[PDB]
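Shown below: input-v4.pdb, with PDB, N, CA, C and O atoms.
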ATOM      1  N   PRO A  10     130.308 123.993  87.272
ATOM      2  CA  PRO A  10     129.914 124.816  86.122
ATOM      3  C   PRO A  10     130.781 126.062  85.919
ATOM      4  O   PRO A  10     131.509 126.514  86.821
ATOM      5  N   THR A  11     130.677 126.621  84.715
ATOM      6  CA  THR A  11     131.402 127.833  84.341
ATOM      7  C   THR A  11     130.958 129.042  85.176
ATOM      8  O   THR A  11     129.780 129.167  85.533
ATOM      9  N   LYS A  12     131.906 129.924  85.485
ATOM     10  CA  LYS A  12     131.626 131.084  86.324
ATOM     11  C   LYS A  12     130.583 132.026  85.701
ATOM     12  O   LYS A  12     130.629 132.367  84.500
ATOM     13  N   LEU A  13     129.639 132.430  86.545
ATOM     14  CA  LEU A  13     128.497 133.225  86.128
ATOM     15  C   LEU A  13     128.876 134.699  86.003
ATOM     16  O   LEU A  13     129.768 135.181  86.714
ATOM     17  N   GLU A  14     128.203 135.395  85.084
ATOM     18  CA  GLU A  14     128.288 136.851  84.965
ATOM     19  C   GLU A  14     127.678 137.546  86.176
ATOM     20  O   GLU A  14     126.777 137.010  86.833
ATOM     21  N   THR A  15     128.141 138.761  86.444
ATOM     22  CA  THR A  15     127.598 139.551  87.539
ATOM     23  C   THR A  15     126.692 140.660  87.024
ATOM     24  O   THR A  15     127.036 141.388  86.071
ATOM     25  N   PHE A  16     125.533 140.791  87.660
ATOM     26  CA  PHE A  16     124.641 141.884  87.326
ATOM     27  C   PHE A  16     124.272 142.635  88.576
ATOM     28  O   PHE A  16     124.173 142.038  89.646
ATOM     29  N   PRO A  17     124.100 143.961  88.450
ATOM     30  CA  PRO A  17     123.782 144.789  89.617
ATOM     31  C   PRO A  17     122.471 144.354  90.263
ATOM     32  O   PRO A  17     121.585 143.811  89.596
ATOM     33  N   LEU A  18     122.356 144.589  91.562
ATOM     34  CA  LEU A  18     121.104 144.351  92.269
ATOM     35  C   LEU A  18     119.878 144.946  91.531
ATOM     36  O   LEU A  18     118.925 144.230  91.228
ATOM     37  N   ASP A  19     119.904 146.243  91.230
ATOM     38  CA  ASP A  19     118.732 146.897  90.641
ATOM     39  C   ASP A  19     118.206 146.148  89.395
ATOM     40  O   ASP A  19     116.993 146.032  89.198
ATOM     41  N   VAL A  20     119.116 145.634  88.567
ATOM     42  CA  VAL A  20     118.722 144.904  87.362
ATOM     43  C   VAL A  20     117.973 143.614  87.730
ATOM     44  O   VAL A  20     116.904 143.321  87.195
ATOM     45  N   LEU A  21     118.549 142.852  88.652
ATOM     46  CA  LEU A  21     117.940 141.605  89.105
ATOM     47  C   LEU A  21     116.564 141.848  89.721
ATOM     48  O   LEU A  21     115.633 141.081  89.476
ATOM     49  N   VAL A  22     116.444 142.931  90.491
ATOM     50  CA  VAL A  22     115.206 143.283  91.191
ATOM     51  C   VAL A  22     114.097 143.879  90.299
ATOM     52  O   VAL A  22     112.911 143.651  90.544
ATOM     53  N   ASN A  23     114.470 144.619  89.260
ATOM     54  CA  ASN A  23     113.507 145.481  88.571
ATOM     55  C   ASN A  23     113.085 144.996  87.194
ATOM     56  O   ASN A  23     112.211 145.578  86.570
ATOM     57  N   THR A  24     113.698 143.907  86.748
ATOM     58  CA  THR A  24     113.536 143.405  85.386
ATOM     59  C   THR A  24     112.610 142.185  85.295
ATOM     60  O   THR A  24     112.785 141.199  86.013
ATOM     61  N   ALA A  25     111.631 142.262  84.399
ATOM     62  CA  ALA A  25     110.744 141.142  84.124
ATOM     63  C   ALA A  25     111.557 139.934  83.694
ATOM     64  O   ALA A  25     112.560 140.081  82.983
ATOM     65  N   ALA A  26     111.110 138.745  84.103
ATOM     66  CA  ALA A  26     111.865 137.509  83.898
ATOM     67  C   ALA A  26     112.247 137.196  82.436
ATOM     68  O   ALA A  26     113.384 136.790  82.161
ATOM     69  N   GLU A  27     111.311 137.377  81.505
ATOM     70  CA  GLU A  27     111.619 137.203  80.079
ATOM     71  C   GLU A  27     112.552 138.304  79.487
ATOM     72  O   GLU A  27     113.058 138.161  78.378
ATOM     73  N   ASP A  28     112.789 139.380  80.237
ATOM     74  CA  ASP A  28     113.668 140.455  79.783
ATOM     75  C   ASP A  28     115.085 140.429  80.389
ATOM     76  O   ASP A  28     115.908 141.292  80.064
ATOM     77  N   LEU A  29     115.377 139.465  81.265
ATOM     78  CA  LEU A  29     116.714 139.376  81.863
ATOM     79  C   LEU A  29     117.791 138.932  80.868
ATOM     80  O   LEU A  29     117.496 138.237  79.901
ATOM     81  N   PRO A  30     119.052 139.328  81.107
ATOM     82  CA  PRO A  30     120.130 139.037  80.151
ATOM     83  C   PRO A  30     120.379 137.542  79.882
ATOM     84  O   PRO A  30     119.868 136.649  80.576
ATOM     85  N   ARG A  31     121.172 137.295  78.844
ATOM     86  CA  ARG A  31     121.543 135.954  78.428
ATOM     87  C   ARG A  31     122.216 135.200  79.569
ATOM     88  O   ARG A  31     123.126 135.716  80.215
ATOM     89  N   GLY A  32     121.754 133.982  79.825
ATOM     90  CA  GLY A  32     122.348 133.147  80.853
ATOM     91  C   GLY A  32     121.897 133.459  82.271
ATOM     92  O   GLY A  32     122.441 132.914  83.238
ATOM     93  N   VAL A  33     120.906 134.335  82.404
ATOM     94  CA  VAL A  33     120.387 134.700  83.720
ATOM     95  C   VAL A  33     119.147 133.902  84.067
ATOM     96  O   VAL A  33     118.109 134.026  83.403
ATOM     97  N   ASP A  34     119.283 133.075  85.105
ATOM     98  CA  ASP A  34     118.195 132.254  85.622
ATOM     99  C   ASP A  34     117.462 133.037  86.715
ATOM    100  O   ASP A  34     117.995 133.236  87.803
ATOM    101  N   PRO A  35     116.239 133.498  86.417
ATOM    102  CA  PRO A  35     115.463 134.360  87.328
ATOM    103  C   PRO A  35     114.919 133.641  88.567
ATOM    104  O   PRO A  35     114.226 134.257  89.379
ATOM    105  N   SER A  36     115.233 132.355  88.702
ATOM    106  CA  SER A  36     114.919 131.600  89.919
ATOM    107  C   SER A  36     116.173 131.345  90.747
ATOM    108  O   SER A  36     116.105 130.721  91.796
ATOM    109  N   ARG A  37     117.312 131.831  90.263
ATOM    110  CA  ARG A  37     118.582 131.749  90.979
ATOM    111  C   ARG A  37     119.269 133.098  90.956
ATOM    112  O   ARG A  37     120.472 133.183  90.684
ATOM    113  N   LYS A  38     118.500 134.145  91.249
ATOM    114  CA  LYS A  38     118.983 135.522  91.201
ATOM    115  C   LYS A  38     120.159 135.809  92.126
ATOM    116  O   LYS A  38     121.031 136.606  91.788
ATOM    117  N   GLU A  39     120.195 135.153  93.279
ATOM    118  CA  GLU A  39     121.314 135.323  94.208
ATOM    119  C   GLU A  39     122.654 134.880  93.614
ATOM    120  O   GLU A  39     123.695 135.356  94.041
ATOM    121  N   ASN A  40     122.630 133.983  92.628
ATOM    122  CA  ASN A  40     123.865 133.497  92.005
ATOM    123  C   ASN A  40     124.497 134.482  91.013
ATOM    124  O   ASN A  40     125.609 134.258  90.536
ATOM    125  N   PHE A  41     123.787 135.565  90.701
ATOM    126  CA  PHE A  41     124.260 136.538  89.719
ATOM    127  C   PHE A  41     124.653 137.870  90.389
ATOM    128  O   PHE A  41     125.189 138.769  89.763
ATOM    129  N   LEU A  42     124.417 137.961  91.690
ATOM    130  CA  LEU A  42     124.876 139.100  92.473
ATOM    131  C   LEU A  42     126.395 139.102  92.652
ATOM    132  O   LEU A  42     126.993 138.068  92.954
ATOM    133  N   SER A  43     127.014 140.266  92.479
ATOM    134  CA  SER A  43     128.418 140.421  92.825
ATOM    135  C   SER A  43     128.576 140.036  94.293
ATOM    136  O   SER A  43     127.600 140.054  95.051
ATOM    137  N   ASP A  44     129.795 139.689  94.698
ATOM    138  CA  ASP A  44     130.032 139.189  96.057
ATOM    139  C   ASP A  44     129.697 140.243  97.101
ATOM    140  O   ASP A  44     129.236 139.940  98.209
ATOM    141  N   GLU A  45     129.944 141.486  96.716
ATOM    142  CA  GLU A  45     129.669 142.643  97.539
ATOM    143  C   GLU A  45     128.158 142.800  97.703
ATOM    144  O   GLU A  45     127.663 143.133  98.789
ATOM    145  N   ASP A  46     127.428 142.558  96.618
ATOM    146  CA  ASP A  46     125.970 142.584  96.665
ATOM    147  C   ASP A  46     125.436 141.446  97.534
ATOM    148  O   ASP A  46     124.675 141.673  98.473
ATOM    149  N   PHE A  47     125.835 140.223  97.202
ATOM    150  CA  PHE A  47     125.434 139.050  97.965
ATOM    151  C   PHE A  47     125.652 139.262  99.457
ATOM    152  O   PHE A  47     124.715 139.124 100.242
ATOM    153  N   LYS A  48     126.885 139.593  99.848
ATOM    154  CA  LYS A  48     127.202 139.784 101.263
ATOM    155  C   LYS A  48     126.345 140.878 101.872
ATOM    156  O   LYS A  48     125.839 140.738 102.978
ATOM    157  N   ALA A  49     126.191 141.971 101.140
ATOM    158  CA  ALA A  49     125.333 143.068 101.573
ATOM    159  C   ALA A  49     123.867 142.636 101.778
ATOM    160  O   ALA A  49     123.203 143.063 102.727
ATOM    161  N   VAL A  50     123.371 141.786 100.885
ATOM    162  CA  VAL A  50     121.963 141.395 100.891
ATOM    163  C   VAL A  50     121.673 140.249 101.871
ATOM    164  O   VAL A  50     120.655 140.263 102.561
ATOM    165  N   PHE A  51     122.571 139.270 101.942
ATOM    166  CA  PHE A  51     122.294 138.054 102.704
ATOM    167  C   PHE A  51     123.152 137.855 103.967
ATOM    168  O   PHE A  51     122.903 136.936 104.750
ATOM    169  N   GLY A  52     124.143 138.718 104.165
ATOM    170  CA  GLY A  52     124.934 138.709 105.382
ATOM    171  C   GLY A  52     125.480 137.341 105.741
ATOM    172  O   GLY A  52     125.466 136.929 106.907
ATOM    173  N   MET A  53     125.962 136.628 104.729
ATOM    174  CA  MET A  53     126.481 135.281 104.922
ATOM    175  C   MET A  53     127.145 134.827 103.636
ATOM    176  O   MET A  53     126.985 135.458 102.591
ATOM    177  N   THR A  54     127.875 133.721 103.722
ATOM    178  CA  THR A  54     128.586 133.167 102.578
ATOM    179  C   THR A  54     127.633 132.435 101.622
ATOM    180  O   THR A  54     126.581 131.948 102.031
ATOM    181  N   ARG A  55     128.000 132.356 100.350
ATOM    182  CA  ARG A  55     127.160 131.676  99.382
ATOM    183  C   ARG A  55     126.883 130.254  99.844
ATOM    184  O   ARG A  55     125.736 129.806  99.859
ATOM    185  N   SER A  56     127.946 129.557 100.228
ATOM    186  CA  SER A  56     127.853 128.166 100.666
ATOM    187  C   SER A  56     126.965 128.013 101.894
ATOM    188  O   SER A  56     126.265 127.016 102.033
ATOM    189  N   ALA A  57     127.003 129.002 102.781
ATOM    190  CA  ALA A  57     126.176 128.977 103.981
ATOM    191  C   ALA A  57     124.698 129.108 103.611
ATOM    192  O   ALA A  57     123.857 128.370 104.124
ATOM    193  N   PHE A  58     124.404 130.045 102.710
ATOM    194  CA  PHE A  58     123.073 130.226 102.129
ATOM    195  C   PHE A  58     122.595 128.947 101.440
ATOM    196  O   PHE A  58     121.450 128.537 101.601
ATOM    197  N   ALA A  59     123.493 128.316 100.692
ATOM    198  CA  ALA A  59     123.162 127.153  99.881
ATOM    199  C   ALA A  59     122.984 125.896 100.717
ATOM    200  O   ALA A  59     122.454 124.884 100.243
ATOM    201  N   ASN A  60     123.430 125.954 101.966
ATOM    202  CA  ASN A  60     123.233 124.835 102.882
ATOM    203  C   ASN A  60     122.000 125.017 103.745
ATOM    204  O   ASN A  60     121.593 124.105 104.452
ATOM    205  N   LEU A  61     121.400 126.199 103.652
ATOM    206  CA  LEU A  61     120.132 126.485 104.298
ATOM    207  C   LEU A  61     118.993 125.645 103.717
ATOM    208  O   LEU A  61     119.032 125.261 102.542
ATOM    209  N   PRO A  62     117.974 125.346 104.544
ATOM    210  CA  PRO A  62     116.737 124.733 104.033
ATOM    211  C   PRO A  62     116.136 125.587 102.919
ATOM    212  O   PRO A  62     116.260 126.821 102.954
ATOM    213  N   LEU A  63     115.502 124.944 101.941
ATOM    214  CA  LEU A  63     114.869 125.665 100.834
ATOM    215  C   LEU A  63     113.892 126.749 101.298
ATOM    216  O   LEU A  63     113.879 127.848 100.736
ATOM    217  N   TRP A  64     113.082 126.449 102.313
ATOM    218  CA  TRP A  64     112.074 127.402 102.775
ATOM    219  C   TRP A  64     112.760 128.698 103.205
ATOM    220  O   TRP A  64     112.342 129.798 102.833
ATOM    221  N   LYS A  65     113.828 128.542 103.979
ATOM    222  CA  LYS A  65     114.573 129.657 104.517
ATOM    223  C   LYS A  65     115.244 130.462 103.385
ATOM    224  O   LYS A  65     115.187 131.686 103.368
ATOM    225  N   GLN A  66     115.885 129.765 102.453
ATOM    226  CA  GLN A  66     116.455 130.399 101.272
ATOM    227  C   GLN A  66     115.423 131.247 100.529
ATOM    228  O   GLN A  66     115.702 132.379 100.155
ATOM    229  N   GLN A  67     114.235 130.685 100.311
ATOM    230  CA  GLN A  67     113.156 131.389  99.619
ATOM    231  C   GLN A  67     112.590 132.570 100.412
ATOM    232  O   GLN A  67     112.274 133.621  99.837
ATOM    233  N   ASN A  68     112.422 132.402 101.719
ATOM    234  CA  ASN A  68     111.901 133.502 102.546
ATOM    235  C   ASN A  68     112.873 134.694 102.631
ATOM    236  O   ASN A  68     112.455 135.861 102.691
ATOM    237  N   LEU A  69     114.167 134.396 102.625
ATOM    238  CA  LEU A  69     115.168 135.449 102.573
ATOM    239  C   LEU A  69     115.077 136.180 101.237
ATOM    240  O   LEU A  69     115.087 137.403 101.181
ATOM    241  N   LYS A  70     114.984 135.408 100.165
ATOM    242  CA  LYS A  70     114.831 135.956  98.832
ATOM    243  C   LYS A  70     113.546 136.796  98.672
ATOM    244  O   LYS A  70     113.577 137.876  98.083
ATOM    245  N   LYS A  71     112.426 136.327  99.217
ATOM    246  CA  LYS A  71     111.183 137.099  99.130
ATOM    247  C   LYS A  71     111.233 138.456  99.863
ATOM    248  O   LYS A  71     110.636 139.433  99.409
ATOM    249  N   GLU A  72     111.923 138.514 101.001
ATOM    250  CA  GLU A  72     112.019 139.763 101.768
ATOM    251  C   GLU A  72     112.862 140.796 101.037
ATOM    252  O   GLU A  72     112.769 141.992 101.313
ATOM    253  N   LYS A  73     113.675 140.325 100.096
ATOM    254  CA  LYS A  73     114.572 141.192  99.343
ATOM    255  C   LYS A  73     114.100 141.382  97.898
ATOM    256  O   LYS A  73     114.781 142.016  97.100
ATOM    257  N   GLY A  74     112.942 140.813  97.574
ATOM    258  CA  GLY A  74     112.403 140.838  96.225
ATOM    259  C   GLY A  74     113.282 140.136  95.200
ATOM    260  O   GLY A  74     113.372 140.564  94.054
ATOM    261  N   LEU A  75     113.944 139.059  95.608
ATOM    262  CA  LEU A  75     114.854 138.344  94.716
ATOM    263  C   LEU A  75     114.329 136.945  94.389
ATOM    264  O   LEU A  75     114.995 136.142  93.740
ATOM    265  N   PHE A  76     113.107 136.682  94.835
ATOM    266  CA  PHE A  76     112.437 135.422  94.576
ATOM    267  C   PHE A  76     111.511 135.475  93.335
ATOM    268  O   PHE A  76     110.877 136.493  93.059
TER     269      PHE A  76
END
Starting from the coordinates I provided, produce the structure as C-alpha cells.
Amino acid sequence: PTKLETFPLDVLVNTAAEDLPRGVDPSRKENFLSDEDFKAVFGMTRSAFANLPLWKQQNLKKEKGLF
C-alpha cells in the first residue's frame, strides 16, 4: 500500500475516532506514528511488532492509550 501520513502522538492519543484526519484508521494508530514516535513508544521495529501475537500487540497499545 501507499505510504501513510504521519501524525504526532498527542493527536493519535487525544482525538475522538470520528474526529481523526483523512485516511487515519483509529484501530491502526501505531501505523501513523512517526518512526521516532513508534520507536519511542514500542521499543522495537514495526515488523517485529507486526509479527507479535494479536493479544500482545493490543496489550501494548492499551498501556499506551493507542488501542
Problem set entry | Residue members of the PyMOL selection byres (((chain A and resi 54-71 and name CA) around 10) and name CA) in the file shown, as number ranges by chain | A: 36-40, 44, 47-48, 50-53, 72-76
For this session: Could you tell me, as a PyMOL selection string, which residues of chain A DSSP assigns to helix (DSSP H, G or I) when given the backbone?
Result: chain A and resi 18-23+26-28+38-41+44-51+55-59+63-72
Problem set entry | residue 21 (chain A) environment, 7 Å, all atoms listed in the file, sequence neighbours closer than 2 positions dropped, as a ChimeraX atom specification | /A:16-19,23-25,35,38,74-75
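The space between atom N of residue 30 (chain A) and atom O of residue 13 (chain A) spans 12.8 Å.
What separates atom C of residue 26 (chain A) from atom N of residue 43 (chain A) is a distance of 18.1 Å.
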Set up a box along x, y and z of the file covering all listed atoms of region 41-55 of chain A, add 5 Å on every one of the six sides, and write the centre and edge lengths in Å to one decimal, as JSON.
{"center_x": 125.3, "center_y": 136.5, "center_z": 98.3, "size_x": 19.4, "size_y": 23.3, "size_z": 27.2}
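Taking atom O of residue 34 (chain A) and CA of residue 22 (chain A) as endpoints, the distance between them is 11.0 Å.
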